[PDB]
Amino acid sequence: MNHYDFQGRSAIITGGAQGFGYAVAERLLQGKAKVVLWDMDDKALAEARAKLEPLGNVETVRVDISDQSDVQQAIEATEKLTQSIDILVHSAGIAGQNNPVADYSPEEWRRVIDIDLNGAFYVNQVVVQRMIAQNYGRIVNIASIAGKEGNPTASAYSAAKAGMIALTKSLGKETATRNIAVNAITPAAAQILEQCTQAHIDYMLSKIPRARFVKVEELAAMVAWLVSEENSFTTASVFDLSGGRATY
Ligand SMILES: NC(=O)c1ccc[n+]([C@@H]2O[C@H](COP(=O)([O-])OP(=O)(O)OC[C@H]3O[C@@H](n4cnc5c(N)ncnc54)[C@H](O)[C@@H]3O)[C@@H](O)[C@H]2O)c1
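Numbering (PDB author numbering), first residue to last: 1 to 191, 194 to 250.
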């Protein structure tokens, strides 16, 4: 096992109460970062803080990242809890319902874009402002393989994740002359997936050459390096976690 140092650094992790964000918070606490969990569910946040407290110092902020005003209230509350805001791992988002474009609900389309794309912009804006003021920052926007490939019957989700990738490329080059790294990750499906049929699971696994889904352990390990100081050159890039499926 590697060790990523985070002493003196503070991190914001949206969607940190469970799943990918929780696994990243668990690893950043091993690097002894100060972790602030952003999530919409106040109940899940309370269970996360209870599990993670024996691992280190953790704070929680209730916020809907698709509401820009709630994001503005969240970043100010976080400033009262930290000395600086050094790391952002944007993991909040929904999967959206599955439907062909010909049948997709306009309301569901707008809901997916607001949460998975507009929300990512709101969070990235207020956090990078602090990173600019301190001339330090590391950002990882957790996208998806769907953003690269355009999965059939998931157009809204795929379109939202592709915007997050372009947002990442744009924001990265805007801050390239500063000590700020802005990158994204395109993971495959994770072990959310239990609502699927077995035949549907066999189809998803047939597109992944490793024949298995990514473990939250493996995502958190790669995120931990991407938000460390040693990631001092690569920015506006996409790091893959698809197990051999992606071709670019
Ligand atoms: N798990 C997968 O198979 C998979 C695959 C590819 C990409 N992703 C992406 O990774 C992210 C989440 O992954 P996960 O496995 O941890 O899902 P999850 O359901 O286990 O957790 C998602 C968390 O984000 C929160 N959330 C949703 N909308 C929110 C909002 N407006 N404001 C604040 N919090 C909100 C949720 O409360 C939850 O805590 C998403 O961006 C997802 O698109 C997941």
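Beta carbons: idealized from backbone N, C-alpha and C, even for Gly.
In this structure, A11 keeps its C-beta atom at 8 Å or more from the C-beta atom of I65. Judged by pairs of C-beta atoms under 8 Å, the region 47-65 touches the region 12-32, as three or more such pairs exist.
Counting along the chain, no alpha helix (DSSP H) covers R247, and no H or E run does either.
Taking non-hydrogen atoms of ligand 1 into account, the C-beta of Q68 is found less than 7 Å away from none of them.
Residues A143, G147, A184 and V240 of the same chain have their beta carbon placed closer than 7 Å to that of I165, with the five preceding and five following residues left out of the count.
In this structure, the alpha-carbon of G246 lies about 43 Å from that of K80. Shortest Cα-Cα distance from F235 to any of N124, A222, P106 and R178 involves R178.
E26 is classed as buried because its beta carbon has at least 16 other beta carbons within 10 Å across all chains shown.
As a beta-bridge residue in DSSP terms, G137 pairs with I180. Remark: fewer than three beta-carbon pairs, one from each stretch, lie closer than 8 Å, so the region 42-61 and the region 108-118 are not flagged as touching. According to the DSSP assignment, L88 belongs to the beta strand (DSSP E) that extends over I87 to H90.
Taken in chain order, the complete alpha helix (DSSP H) segments of 4 residues or longer contained in the region 23-68 are 42-52. In the structure shown, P106 falls within a helical segment according to DSSP collapsed to helix, strand and coil. Burial state of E149 is buried, judged by a 10 Å Cβ sphere holding 16 or more other Cβ atoms. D204 has its Cβ no nearer than 7 Å to any heavy atom of ligand 1. Beta-bridge pairing by DSSP links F241 to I185.
In this structure, the alpha-carbon of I194 lies about 20 Å from that of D242.
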